[PDB]
$ cat final-v6.csv   # CSV, C-alpha atoms (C1' of nucleotides)
chain,number,residue,atom,x,y,z
A,10,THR,CA,30.4,-20.0,40.5
A,11,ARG,CA,27.3,-18.7,38.7
A,12,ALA,CA,23.9,-19.4,40.3
A,13,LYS,CA,21.0,-21.1,38.7
A,14,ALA,CA,19.6,-18.7,36.1
A,15,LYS,CA,15.9,-18.0,36.3
A,16,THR,CA,13.9,-15.7,34.0
A,17,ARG,CA,12.6,-12.3,35.0
A,18,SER,CA,9.1,-13.4,34.0
A,19,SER,CA,9.2,-16.2,36.6
A,20,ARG,CA,10.5,-13.7,39.1
A,21,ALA,CA,7.6,-11.4,38.4
A,22,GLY,CA,5.1,-14.3,38.1
A,23,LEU,CA,4.3,-13.5,34.5
A,24,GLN,CA,3.9,-15.4,31.2
A,25,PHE,CA,5.0,-12.6,28.9
A,26,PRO,CA,8.7,-12.2,28.3
A,27,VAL,CA,10.2,-9.5,30.5
A,28,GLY,CA,13.6,-9.8,28.8
A,29,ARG,CA,12.2,-9.4,25.3
A,30,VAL,CA,10.1,-6.4,26.3
A,31,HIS,CA,13.2,-4.9,27.9
A,32,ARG,CA,15.2,-5.5,24.7
A,33,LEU,CA,12.5,-3.9,22.6
A,34,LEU,CA,12.3,-0.9,24.9
A,35,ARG,CA,16.1,-0.5,24.8
A,36,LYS,CA,16.3,-0.8,21.0
A,37,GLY,CA,13.1,1.0,20.3
A,38,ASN,CA,14.5,4.5,20.6
A,39,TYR,CA,12.2,5.6,23.4
A,40,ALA,CA,14.7,6.9,26.0
A,41,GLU,CA,18.4,7.0,26.8
A,42,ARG,CA,17.8,4.7,29.8
A,43,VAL,CA,15.2,2.1,30.7
A,44,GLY,CA,14.4,1.3,34.3
A,45,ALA,CA,14.3,-2.2,35.8
A,46,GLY,CA,10.6,-2.3,36.7
A,47,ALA,CA,9.4,-0.8,33.4
A,48,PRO,CA,9.6,-4.0,31.3
A,49,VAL,CA,8.0,-6.0,34.2
A,50,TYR,CA,5.1,-3.5,34.4
A,51,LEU,CA,4.6,-3.3,30.6
A,52,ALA,CA,4.7,-7.1,30.3
A,53,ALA,CA,2.1,-7.4,33.1
A,54,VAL,CA,-0.1,-4.9,31.4
A,55,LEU,CA,0.2,-6.6,28.0
A,56,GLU,CA,-0.5,-10.0,29.6
A,57,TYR,CA,-3.6,-8.6,31.4
A,58,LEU,CA,-5.0,-7.1,28.1
A,59,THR,CA,-4.3,-10.4,26.3
A,60,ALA,CA,-6.0,-12.3,29.1
A,61,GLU,CA,-9.1,-10.1,28.9
A,62,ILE,CA,-9.5,-10.4,25.1
A,63,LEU,CA,-8.7,-14.1,25.1
A,64,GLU,CA,-11.3,-14.8,27.8
B,1,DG,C1',-59.5,-92.0,-12.1
B,2,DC,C1',-56.8,-87.8,-13.5
B,3,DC,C1',-55.7,-82.9,-13.2
B,4,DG,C1',-55.7,-78.1,-11.2
B,5,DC,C1',-55.8,-74.8,-7.0
B,6,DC,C1',-55.3,-73.1,-1.7
B,7,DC,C1',-52.8,-73.5,3.0
B,8,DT,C1',-48.5,-74.0,5.8
B,9,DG,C1',-43.5,-75.4,7.3
B,10,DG,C1',-38.0,-75.2,7.4
B,11,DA,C1',-33.7,-73.7,5.2
B,12,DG,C1',-30.8,-69.7,2.4
B,13,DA,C1',-29.4,-64.8,2.5
B,14,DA,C1',-29.3,-59.7,4.4
B,15,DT,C1',-28.1,-56.8,8.5
B,16,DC,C1',-26.3,-55.3,13.4
B,17,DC,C1',-22.7,-55.7,16.7
B,18,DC,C1',-17.8,-56.5,18.2
B,19,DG,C1',-12.8,-57.2,17.8
B,20,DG,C1',-8.2,-56.5,15.4
B,21,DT,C1',-5.5,-53.2,12.8
B,22,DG,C1',-4.0,-49.0,10.1
B,23,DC,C1',-4.0,-43.7,9.5
B,24,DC,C1',-4.6,-38.2,10.9
B,25,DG,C1',-3.8,-34.5,14.7
B,26,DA,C1',-1.4,-33.4,18.6
B,27,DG,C1',2.0,-33.7,22.4
B,28,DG,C1',6.5,-35.4,24.6
B,29,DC,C1',11.4,-35.6,23.5
B,30,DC,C1',15.8,-34.3,21.4
B,31,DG,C1',19.1,-31.2,19.2
B,32,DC,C1',20.8,-26.6,17.7
B,33,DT,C1',21.6,-22.0,19.2
B,34,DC,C1',21.2,-17.4,20.1
B,35,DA,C1',19.5,-14.3,23.4
B,36,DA,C1',18.4,-13.8,28.3
B,37,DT,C1',20.9,-14.2,32.8
B,38,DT,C1',24.7,-13.5,36.1
B,39,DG,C1',28.5,-11.2,37.9
B,40,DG,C1',31.5,-7.3,38.2
B,41,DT,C1',32.8,-2.1,37.3
B,42,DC,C1',31.8,2.6,36.9
B,43,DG,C1',29.7,7.0,35.6
B,44,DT,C1',26.0,10.0,36.0
B,45,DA,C1',20.6,10.9,36.6
B,46,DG,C1',18.2,12.1,39.7
B,47,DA,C1',17.0,12.7,44.7
B,48,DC,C1',17.7,16.0,48.3
B,49,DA,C1',18.7,20.3,50.5
B,50,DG,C1',18.9,25.4,50.3
B,51,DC,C1',17.9,30.3,48.9
B,52,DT,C1',15.2,33.9,45.9
B,53,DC,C1',11.3,35.6,43.6
B,54,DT,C1',6.7,35.4,41.5
B,55,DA,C1',2.0,33.4,40.9
B,56,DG,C1',-2.1,31.4,43.0
B,57,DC,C1',-5.8,31.1,46.7
B,58,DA,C1',-9.5,31.8,50.3
B,59,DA,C1',-12.4,35.2,51.8
B,60,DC,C1',-13.8,39.7,52.0
B,61,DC,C1',-14.5,44.8,50.2
B,62,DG,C1',-16.4,48.6,46.8
B,63,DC,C1',-18.0,50.5,42.1
B,64,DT,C1',-19.8,50.3,37.4
B,65,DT,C1',-22.3,48.7,33.9
B,66,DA,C1',-23.3,45.6,30.5
B,67,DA,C1',-25.1,41.1,30.3
B,68,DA,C1',-28.6,38.0,31.9
B,69,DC,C1',-33.4,37.1,33.0
B,70,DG,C1',-38.4,37.4,33.1
B,71,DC,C1',-42.5,38.5,30.5
B,72,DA,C1',-45.7,39.5,26.8
B,73,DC,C1',-46.8,39.0,22.0
B,74,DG,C1',-46.8,37.3,17.5
B,75,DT,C1',-45.9,34.6,13.7
B,76,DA,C1',-42.9,31.5,11.3
B,77,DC,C1',-41.9,27.0,11.1
B,78,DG,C1',-42.1,21.9,12.7
B,79,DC,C1',-45.0,18.5,12.1
B,80,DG,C1',-48.9,15.8,10.7
B,81,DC,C1',-52.1,14.4,6.9
B,82,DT,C1',-53.1,13.4,2.1
B,83,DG,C1',-52.3,12.7,-2.8
B,84,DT,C1',-49.4,11.1,-6.6
B,85,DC,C1',-46.3,9.2,-9.3
B,86,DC,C1',-42.1,7.2,-10.1
B,87,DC,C1',-38.6,4.6,-9.2
B,88,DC,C1',-36.7,0.8,-6.8
B,89,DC,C1',-37.6,-4.0,-5.6
B,90,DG,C1',-38.7,-8.8,-6.5
B,91,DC,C1',-38.5,-12.4,-9.9
B,92,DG,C1',-37.7,-15.0,-14.1
B,93,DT,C1',-34.4,-15.7,-17.9
B,94,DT,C1',-30.0,-15.4,-20.3
B,95,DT,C1',-25.1,-14.3,-20.4
B,96,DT,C1',-20.6,-14.0,-18.8
B,97,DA,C1',-16.8,-13.9,-16.3
B,98,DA,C1',-14.8,-15.2,-11.7
B,99,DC,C1',-12.7,-19.1,-10.0
B,100,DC,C1',-9.8,-22.9,-10.2
B,101,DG,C1',-6.5,-25.6,-12.4
B,102,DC,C1',-2.7,-25.2,-16.1
B,103,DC,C1',1.8,-23.9,-18.8
B,104,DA,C1',6.5,-21.1,-20.0
B,105,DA,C1',10.5,-18.5,-18.8
B,106,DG,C1',12.4,-14.8,-16.3
B,107,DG,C1',13.2,-11.2,-12.9
B,108,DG,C1',12.5,-9.2,-7.9
B,109,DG,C1',13.3,-9.8,-3.5
B,110,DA,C1',14.2,-12.2,0.9
B,111,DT,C1',17.8,-14.7,3.5
B,112,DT,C1',23.2,-16.0,4.5
B,113,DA,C1',27.9,-14.9,4.4
B,114,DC,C1',31.7,-11.8,3.4
B,115,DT,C1',34.5,-7.5,2.4
B,116,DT,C1',35.5,-2.6,2.7
B,117,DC,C1',35.4,2.3,3.4
B,118,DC,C1',33.0,6.5,4.3
B,119,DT,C1',30.7,8.9,7.4
B,120,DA,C1',28.9,10.0,11.8
B,121,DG,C1',29.9,9.7,16.9
B,122,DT,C1',33.1,11.6,20.3
B,123,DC,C1',36.4,14.8,22.2
B,124,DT,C1',38.8,19.3,22.7
B,125,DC,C1',39.1,24.1,21.9
B,126,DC,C1',37.4,28.4,20.5
B,127,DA,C1',34.5,32.2,18.9
B,128,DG,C1',30.4,34.4,17.4
B,129,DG,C1',25.4,34.3,17.4
B,130,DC,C1',21.6,35.0,20.5
B,131,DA,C1',19.6,37.1,24.4
B,132,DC,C1',19.3,41.2,27.1
B,133,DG,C1',20.0,46.2,28.2
B,134,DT,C1',20.7,50.9,26.7
B,135,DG,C1',22.1,55.6,24.2
B,136,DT,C1',20.6,58.0,20.3
B,137,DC,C1',18.0,59.5,16.3
B,138,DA,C1',14.4,60.6,12.7
B,139,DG,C1',9.2,60.5,11.8
B,140,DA,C1',4.6,61.7,13.9
B,141,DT,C1',1.9,65.0,16.7
B,142,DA,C1',0.3,69.1,19.1
B,143,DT,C1',0.3,74.1,19.6
B,144,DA,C1',2.4,79.4,19.3
B,145,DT,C1',2.2,83.1,16.6
B,146,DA,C1',1.6,86.1,12.4
B,147,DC,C1',-1.3,87.4,8.0
B,148,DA,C1',-6.0,87.9,5.0
B,149,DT,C1',-10.7,88.6,5.8
B,150,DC,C1',-16.4,89.3,7.1
B,151,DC,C1',-19.5,91.9,9.6

$ encode --input "final-v6.csv" --output "structure tokens"
Amino acid sequence: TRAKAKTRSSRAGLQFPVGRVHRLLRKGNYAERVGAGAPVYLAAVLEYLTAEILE
DNA sequence: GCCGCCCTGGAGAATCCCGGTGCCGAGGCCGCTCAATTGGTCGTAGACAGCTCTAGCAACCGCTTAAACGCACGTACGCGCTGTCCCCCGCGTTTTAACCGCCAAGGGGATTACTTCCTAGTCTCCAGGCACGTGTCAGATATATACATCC
């Protein structure tokens, strides 16, 4: 009985994809392990910088 | 009496406005579809605690001595002014090639799918290279002592 799946971006209240950023961090040869909050934080920072330049 | 010239009225055509209908840009909807999500398991990265030894730090001392500082002088150089000439800019005219639109065939390269096999990851065991400490040894250096000599 799986629950209703929701995205990690909606959990973090973001528009940038947390899962895509996590996959690019895991396959980008940056470290052996990637923490859970690191793609959330990096997606938030990227979304903020995009918001500043777009405004 | 006959013919020519000036003044004024109503009907035909051009233009503005509105309604019906067709076409371009964008958004909602649907379908595929693959990558994010969820759930469970497990190994290990890192947090935590503990002991030992070394570096840093605040505030003080004392001594030395070379660097910093202050001052006077002088003169070299930054800067302003003037001349001059030359070279770059503005403009008119002529050329010319960039740009766009065309063949004509062929290869390079990006994808999609598939097959195969070689090579690199992983695991276990072992041994020798690297790091550290030390005994020993030959080259470099300083002086002890003996011989020739000037006054």

$ residues_around --input "final-v6.csv" --residues "residue 60 of chain A" --least-positions-apart "6" --cutoff "12 Å" --atoms "all atoms listed in the file" --output "ChimeraX atom specification"
/A:23-25,52-54

$ interface_residues --input "final-v6.csv" --of "chain B" --to "chain A" --cutoff "8 Å" --atoms "all atoms listed in the file" --output "ChimeraX atom specification"
/B:36-39

$ atom_distance --input "final-v6.csv" --atom1 "atom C1' of residue 121 of chain B" --atom2 "atom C1' of residue 41 of chain B"
23.7 Å

$ decode --input "final-v6.csv" --residues "segment 17-40 of chain B" --atoms "N, CA and C atoms (P, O5', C5', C4', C3', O3' and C1' of nucleotides)" --output "tab-separated table (two decimals), in the first residue's frame"
chain	number	residue	atom	x	y	z
B	17	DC	P	-15.23	56.71	-37.92
B	17	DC	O5'	-16.37	55.61	-37.64
B	17	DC	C5'	-17.71	56.02	-37.46
B	17	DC	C4'	-18.65	54.83	-37.50
B	17	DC	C3'	-18.25	53.65	-36.61
B	17	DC	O3'	-19.28	53.40	-35.65
B	17	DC	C1'	-18.87	52.92	-38.80
B	18	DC	P	-19.04	52.34	-34.46
B	18	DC	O5'	-19.80	51.03	-34.98
B	18	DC	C5'	-21.17	51.10	-35.35
B	18	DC	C4'	-21.64	49.80	-35.96
B	18	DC	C3'	-21.30	48.54	-35.16
B	18	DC	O3'	-22.47	47.74	-35.01
B	18	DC	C1'	-20.64	48.28	-37.41
B	19	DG	P	-22.52	46.55	-33.92
B	19	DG	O5'	-22.62	45.23	-34.81
B	19	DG	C5'	-23.74	45.04	-35.66
B	19	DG	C4'	-23.45	43.98	-36.71
B	19	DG	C3'	-23.05	42.60	-36.16
B	19	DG	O3'	-23.82	41.59	-36.80
B	19	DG	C1'	-21.49	43.32	-37.77
B	20	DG	P	-23.95	40.13	-36.14
B	20	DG	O5'	-23.21	39.17	-37.19
B	20	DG	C5'	-23.74	39.00	-38.49
B	20	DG	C4'	-22.73	38.34	-39.42
B	20	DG	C3'	-22.16	37.00	-38.91
B	20	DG	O3'	-22.23	36.03	-39.95
B	20	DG	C1'	-20.41	38.47	-39.51
B	21	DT	P	-21.81	34.50	-39.67
B	21	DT	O5'	-20.29	34.43	-40.14
B	21	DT	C5'	-19.95	34.73	-41.48
B	21	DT	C4'	-18.44	34.71	-41.69
B	21	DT	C3'	-17.72	33.46	-41.17
B	21	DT	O3'	-16.86	32.95	-42.19
B	21	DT	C1'	-16.64	35.40	-40.41
B	22	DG	P	-16.37	31.42	-42.16
B	22	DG	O5'	-14.77	31.53	-42.27
B	22	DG	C5'	-14.17	32.05	-43.45
B	22	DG	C4'	-12.77	32.57	-43.18
B	22	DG	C3'	-11.78	31.52	-42.64
B	22	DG	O3'	-10.52	31.67	-43.31
B	22	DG	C1'	-11.81	33.39	-41.22
B	23	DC	P	-9.41	30.51	-43.23
B	23	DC	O5'	-8.21	31.18	-42.41
B	23	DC	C5'	-7.39	32.17	-43.03
B	23	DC	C4'	-6.46	32.84	-42.02
B	23	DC	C3'	-5.45	31.91	-41.33
B	23	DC	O3'	-4.20	32.58	-41.18
B	23	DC	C1'	-6.72	33.02	-39.70
B	24	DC	P	-2.84	31.75	-40.95
B	24	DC	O5'	-2.26	32.34	-39.58
B	24	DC	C5'	-1.37	33.46	-39.60
B	24	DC	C4'	-1.03	33.94	-38.19
B	24	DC	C3'	-0.14	33.01	-37.37
B	24	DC	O3'	0.76	33.78	-36.58
B	24	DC	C1'	-2.16	33.38	-36.23
B	25	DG	P	2.00	33.09	-35.84
B	25	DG	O5'	1.61	33.16	-34.28
B	25	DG	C5'	1.61	34.41	-33.60
B	25	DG	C4'	1.25	34.26	-32.13
B	25	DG	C3'	2.04	33.21	-31.35
B	25	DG	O3'	2.34	33.72	-30.05
B	25	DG	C1'	-0.29	32.71	-31.25
B	26	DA	P	3.23	32.89	-29.00
B	26	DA	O5'	2.15	32.34	-27.96
B	26	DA	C5'	1.19	33.24	-27.40
B	26	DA	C4'	0.13	32.50	-26.61
B	26	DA	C3'	0.64	31.37	-25.72
B	26	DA	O3'	-0.04	31.41	-24.47
B	26	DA	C1'	-1.03	30.54	-27.16
B	27	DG	P	0.66	30.87	-23.13
B	27	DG	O5'	-0.50	30.02	-22.43
B	27	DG	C5'	-1.82	30.56	-22.33
B	27	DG	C4'	-2.87	29.46	-22.31
B	27	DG	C3'	-2.56	28.25	-21.43
B	27	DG	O3'	-3.75	27.84	-20.76
B	27	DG	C1'	-3.04	27.52	-23.60
B	28	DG	P	-3.67	27.02	-19.38
B	28	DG	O5'	-4.70	25.82	-19.60
B	28	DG	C5'	-6.07	26.10	-19.88
B	28	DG	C4'	-6.78	24.90	-20.50
B	28	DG	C3'	-6.61	23.57	-19.76
B	28	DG	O3'	-7.85	22.87	-19.75
B	28	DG	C1'	-5.84	23.34	-22.00
B	29	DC	P	-8.00	21.49	-18.94
B	29	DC	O5'	-7.74	20.37	-20.04
B	29	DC	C5'	-8.51	20.37	-21.24
B	29	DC	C4'	-8.17	19.16	-22.10
B	29	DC	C3'	-7.85	17.88	-21.34
B	29	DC	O3'	-8.54	16.79	-21.94
B	29	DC	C1'	-6.08	18.40	-22.84
B	30	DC	P	-8.61	15.36	-21.21
B	30	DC	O5'	-7.68	14.44	-22.13
B	30	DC	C5'	-7.90	14.39	-23.53
B	30	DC	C4'	-6.79	13.65	-24.24
B	30	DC	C3'	-6.33	12.36	-23.57
B	30	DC	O3'	-6.22	11.33	-24.54
B	30	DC	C1'	-4.47	13.76	-23.97
B	31	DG	P	-6.22	9.78	-24.11
B	31	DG	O5'	-4.77	9.27	-24.54
B	31	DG	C5'	-4.30	9.54	-25.86
B	31	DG	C4'	-2.80	9.31	-25.95
B	31	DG	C3'	-2.26	8.14	-25.12
B	31	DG	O3'	-1.35	7.38	-25.90
B	31	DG	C1'	-1.06	10.10	-24.61
B	32	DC	P	-0.99	5.86	-25.49
B	32	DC	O5'	0.60	5.91	-25.26
B	32	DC	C5'	1.46	6.18	-26.35
B	32	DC	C4'	2.79	6.75	-25.87
B	32	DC	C3'	3.62	5.80	-25.00
B	32	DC	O3'	4.81	5.29	-25.72
B	32	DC	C1'	3.55	8.02	-24.08
B	33	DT	P	6.11	6.19	-26.07
B	33	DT	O5'	6.97	6.21	-24.73
B	33	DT	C5'	7.58	7.43	-24.30
B	33	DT	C4'	8.18	7.28	-22.91
B	33	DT	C3'	8.34	5.83	-22.43
B	33	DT	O3'	9.55	5.68	-21.68
B	33	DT	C1'	7.14	7.05	-20.86
B	34	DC	P	11.00	5.95	-22.34
B	34	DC	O5'	11.31	7.46	-21.94
B	34	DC	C5'	12.57	7.80	-21.38
B	34	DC	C4'	12.45	8.14	-19.90
B	34	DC	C3'	13.29	7.28	-18.97
B	34	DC	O3'	13.82	8.08	-17.93
B	34	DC	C1'	11.10	7.27	-18.23
B	35	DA	P	15.35	8.59	-17.99
B	35	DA	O5'	15.45	9.61	-16.77
B	35	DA	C5'	14.56	10.71	-16.69
B	35	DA	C4'	13.84	10.77	-15.34
B	35	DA	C3'	14.69	10.48	-14.11
B	35	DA	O3'	14.28	11.34	-13.07
B	35	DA	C1'	12.85	9.04	-14.12
B	36	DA	P	15.34	11.91	-12.00
B	36	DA	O5'	14.42	12.30	-10.75
B	36	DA	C5'	13.26	13.09	-10.95
B	36	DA	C4'	12.13	12.66	-10.03
B	36	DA	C3'	12.51	12.45	-8.56
B	36	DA	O3'	11.53	13.07	-7.73
B	36	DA	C1'	11.50	10.48	-9.43
B	37	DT	P	11.67	13.04	-6.13
B	37	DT	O5'	10.70	11.84	-5.70
B	37	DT	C5'	9.36	11.82	-6.18
B	37	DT	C4'	8.58	10.66	-5.59
B	37	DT	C3'	8.85	10.35	-4.13
B	37	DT	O3'	7.62	10.15	-3.45
B	37	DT	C1'	9.13	8.40	-5.43
B	38	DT	P	7.57	10.11	-1.84
B	38	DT	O5'	7.36	8.57	-1.51
B	38	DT	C5'	6.39	7.82	-2.22
B	38	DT	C4'	6.41	6.36	-1.80
B	38	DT	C3'	6.81	6.09	-0.36
B	38	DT	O3'	5.99	5.08	0.18
B	38	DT	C1'	8.21	4.87	-1.80
B	39	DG	P	5.82	4.91	1.76
B	39	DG	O5'	6.38	3.45	2.04
B	39	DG	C5'	6.01	2.38	1.17
B	39	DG	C4'	7.02	1.25	1.26
B	39	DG	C3'	7.67	1.07	2.63
B	39	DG	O3'	7.49	-0.26	3.07
B	39	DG	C1'	9.30	1.09	0.91
B	40	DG	P	7.73	-0.65	4.61
B	40	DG	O5'	9.04	-1.56	4.56
B	40	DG	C5'	9.08	-2.69	3.71
B	40	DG	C4'	10.51	-3.10	3.41
B	40	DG	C3'	11.40	-3.27	4.65
B	40	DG	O3'	11.81	-4.62	4.77
B	40	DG	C1'	12.51	-2.07	2.90
